[PDB]
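>>> Pasting an experimental structure, sequence included:
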Amino acid sequence: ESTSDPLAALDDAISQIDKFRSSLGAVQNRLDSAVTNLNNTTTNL
Amino acid sequence: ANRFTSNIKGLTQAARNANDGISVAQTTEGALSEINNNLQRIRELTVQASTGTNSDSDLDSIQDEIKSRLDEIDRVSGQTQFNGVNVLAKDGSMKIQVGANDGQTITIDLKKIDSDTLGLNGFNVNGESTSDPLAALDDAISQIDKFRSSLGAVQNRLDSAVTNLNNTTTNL
Amino acid sequence: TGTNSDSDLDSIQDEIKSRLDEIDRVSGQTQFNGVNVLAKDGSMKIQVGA
Amino acid sequence: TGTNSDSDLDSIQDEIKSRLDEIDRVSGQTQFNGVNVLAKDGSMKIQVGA
Amino acid sequence: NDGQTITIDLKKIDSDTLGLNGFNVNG
Amino acid sequence: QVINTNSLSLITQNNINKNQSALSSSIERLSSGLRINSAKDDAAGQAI
Amino acid sequence: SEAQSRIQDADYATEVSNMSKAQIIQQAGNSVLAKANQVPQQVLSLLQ
Amino acid sequence: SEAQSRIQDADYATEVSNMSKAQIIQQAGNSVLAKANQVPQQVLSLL
Amino acid sequence: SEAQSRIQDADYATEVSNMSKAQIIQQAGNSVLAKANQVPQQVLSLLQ
C-alpha cells in the first residue's frame, strides 16, 4: 500500500540525480581543458 | 544547494501544517467550551432540584430541561467536525508533520466525548434518581477541563514550532 | 500530515502521479542527434587525442 | 503557591511536561546540512587559514 | 517526433452527468 | 550586493510576525474583557 | 466573586498600553521593511 | 475562514519582495543583453 | 420584524471591512498595472 518512508525514498532519488549531474559536470570541464590543450598543441605544431 | 532548497521548502510546508493543526485545536476547544457551559447549566439545575420545597411538577419540569441539555450535549458532541473529520466521536490521535523530515511529528490526543463517555447517562432527577448527582456533574466538568488543558498546551507548542521553523528557514 | 481528509490525499496523490508520469516521460523521449541518452546504460566514447 | 488544589497542580504539571517534551523535540530534531547540532558533544572545524 | 505527445483527459460535464437529472427540493 | 535574496526582508518579516501575535492577543483581550479567553493563554487558570 | 475577578478580568490599563506598544512596533516594522526592500535597488546602478 | 486564509491568501510582503526581485533581474538582464547581443562587430572592426 | 430584519439589513462591520478590502485591492492592482506598462520599454533601448 502506502510507501513506508516516502521522504527517505525521495531523498534517495534526488541524491541519485545529483550524483549523476556531478559526474556529468566534471566531464565537460575535462573536455574544455582538452580543447585548450589541443588548441595550444595545434598552434605549436 | 539542492539539499538546502529541499530543506527550505519542507520547512515552509511543515509550518503551514502546524498552523492548520492550531486551527483544528482551536475549533475543538470551542466545542469543549460549549459543552462546558451546558454542563454548568445542568449542574445549577440539579442544585435547584436538590431542595425539597419544590413540588413534583417542578421536578418534572427541571428533569425535562435537564434531558434537553443532555441531548444538546450529545448533539454538539456527535455533529462537530472540522474539514470532514469528526473531533469528538473518535478516540484516535492527530499527527501533524512539523519537522519537515520523515517520522518526526506532533500528536494531538483526541478523545471521544458524549453523554456515555462522561457518564451520568440516564441522569433522571425526576424519578431512579442518581446517587450523587453533583459528584457526577463535577466529574464530567473535571473531565472536560482535563481535555481542554491537555488540548490547550498543544497550540502553544505549535506556535513555538512555527516560530522556530520560521527562524530555521531564514537562516537556511 | 493527519489534518487533511481522504479526498485531500486523493488530490495530492493524483498530482504526485502526474509528476511521476512526467518524470518517466522526460526520461524516455529526450535525445541528442538522434541517439537517446537517458534510456541506454552504455557509455559514449569521444576521441579527443587525434 | 498553597492556595491551589490538587487538580490545579495536575494541570500545571501537564503544561510543564508538554513544554519539556517540546524542548527535547526541538533539541533532537534541529539539524543543519545533515548533522545534528544539539544532539552531539562533538566539534566541527572551519578551515579559515587556506 | 511521432509518438511524443502529452494527453489531456476530458470529461462531458452536464447536469445529467453530475447527477439527479433535475434535482429538486419542493417535492 | 546580491539581488536573488534580500537577506533583510526575511528578518524584518520574522519580527513583524512575532509582534503580530502580541498585537492580536491584546486586541482580543480588549474586546473580550477577560484575562484567559482560551486554554492557550493559561490552561491552569481555566479549571480554577 | 471577588476572588474569581482577581483571577479573571485582566486589567484594562495594562492591555491598552500593551496594544499601543504593539501598534507602534508594527508601524516601525512596516516602515523599516519598506526601507529594507530598497537597498537592492542600488545594484542596478552598478550596471549603468 | 482563518484556515482557508492560511491556505489560499498571499501575504503581500512576500509578493512585493518577489516583484522587486524579478523586476531588478529583468532590468539587469535587459541591460546586459544590450551589450551581449552586440559583439560581432569586432570582426567587422577588423576590416 | 426581527425575523425579517435578519435577512434584509446588512451587518455594517462586514460591509465596511469589505469596502476597505476592495479599496486596498484596487489601489494595489492599479499600482502594479502602472508599473507593468514600462515592461515593453526596454526594446527601444535594445534597438540603440
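Everything's here; your move. Numbers count the residues shown, from 1 in each chain, chains lettered A, B, ... in the order given.
>>> who touches residue G:12 in this structure?
Residues in contact with residue G:12 (C-beta atoms under 8 Å, 6 or more residues apart in numbering or on different chains) are F:30, F:33. For every residue, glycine as well, the C-beta is placed using N, CA and C.
>>> Leaving aside the residues adjacent along the chain, what's closest to residue F:19?
residue G:25 (4.9 Å; C-beta to C-beta, 6 or more residues apart in numbering or on different chains).
>>> close enough to count as contact, that neighbour and residue F:18?
No. At 9.4 Å, residue G:25 does not count as touching residue F:18 under the criterion of C-beta atoms under 8 Å.
>>> Show me which of those two is the more surrounded one.
residue G:25 (17 against 14; other C-beta atoms under 10 Å in any protein chain shown).
>>> The more buried one should be in a helix, yeah?
Yes. With DSSP: H, G, I helix; E, B strand; the rest coil as the criterion, residue G:25 is part of a helix.
>>> how close does it get to chain D?
26 Å (C-beta to the nearest C-beta, to the nearest Å).
>>> do residue G:10 as well
Counting by C-beta to the nearest C-beta, the gap from residue G:10 to chain D is 19 Å.
>>> can you tell me the helix or strand for the closest residue to chain I within chain F?
With C-beta to the nearest C-beta as the measure, residue F:31 is the residue of chain F nearest to chain I, at 12.1 Å. Using DSSP states H and E, residue F:31 maps to helix F:9-32.
>>> CA-only coordinates of that helix, as PDB, when you get a sec.
Taking C-alpha atoms only, helix F:9-32 is exported to PDB below (Å, rounded to 0.1, in the frame of the first residue of the first chain):
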ATOM      1  CA  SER F   9      13.300  41.500   4.500                       C
ATOM      2  CA  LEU F  10      13.300  38.000   5.900                       C
ATOM      3  CA  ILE F  11      14.400  39.200   9.400                       C
ATOM      4  CA  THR F  12      12.000  42.100   9.200                       C
ATOM      5  CA  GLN F  13       9.100  39.800   8.300                       C
ATOM      6  CA  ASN F  14      10.000  37.400  11.100                       C
ATOM      7  CA  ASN F  15      10.000  40.400  13.600                       C
ATOM      8  CA  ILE F  16       6.700  41.600  12.200                       C
ATOM      9  CA  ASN F  17       5.100  38.200  12.500                       C
ATOM     10  CA  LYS F  18       6.400  37.900  16.100                       C
ATOM     11  CA  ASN F  19       4.800  41.200  17.000                       C
ATOM     12  CA  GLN F  20       1.600  40.200  15.300                       C
ATOM     13  CA  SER F  21       0.800  37.600  17.900                       C
ATOM     14  CA  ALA F  22       1.100  40.100  20.800                       C
ATOM     15  CA  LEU F  23      -1.000  42.600  18.800                       C
ATOM     16  CA  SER F  24      -3.700  40.000  18.200                       C
ATOM     17  CA  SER F  25      -3.700  38.900  21.800                       C
ATOM     18  CA  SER F  26      -4.000  42.500  23.100                       C
ATOM     19  CA  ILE F  27      -6.800  43.300  20.600                       C
ATOM     20  CA  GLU F  28      -8.700  40.200  21.600                       C
ATOM     21  CA  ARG F  29      -8.300  40.800  25.400                       C
ATOM     22  CA  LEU F  30      -9.600  44.400  25.000                       C
ATOM     23  CA  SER F  31     -12.900  43.300  23.400                       C
ATOM     24  CA  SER F  32     -13.300  40.200  25.500                       C
END
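>>> That helix - contacts with which helices or strands?
helix B:133-171, helix G:12-36, helix H:12-36 (3 or more C-beta pairs under 8 Å, 6 or more residues apart in numbering or on different chains; DSSP states H and E).
>>> quick one: which of the ones you listed is nearest residue E:12?
helix H:12-36 (38.1 Å; C-beta to C-beta).
>>> could you check the angle helix G:12-36 makes with that closest one?
10 degrees (axes from the mean of the first three to the mean of the last three C-alpha atoms, to 10 degrees).
>>> Now do helix H:12-36: distance to the chain's middle.
Mean-position distance between helix H:12-36 and its chain equals 3 Å (C-alpha atoms, centre = their mean, to the nearest Å).
>>> got it, and stretch F:3-10?
Averaging C-alpha positions (C-alpha atoms, centre = their mean) puts stretch F:3-10 23 Å from its chain's average.
>>> Need the contact partners of it.
B:169-170, G:33, G:36-37, G:39-40, G:43, H:13, H:17, H:21, H:24-25, H:28.
>>> May I ask which two of those are separated the most?
B:169 and H:28 (26.0 Å).
>>> returning to that earlier point: quick one: the residue nearest to residue F:19 and chain A, what's the gap?
Residue G:25 is 38 Å from chain A, by C-beta to the nearest C-beta.
>>> Relative to residue G:14, how far out is that residue?
16 Å (C-beta to C-beta, to the nearest Å).
>>> Fine by me, thanks again.
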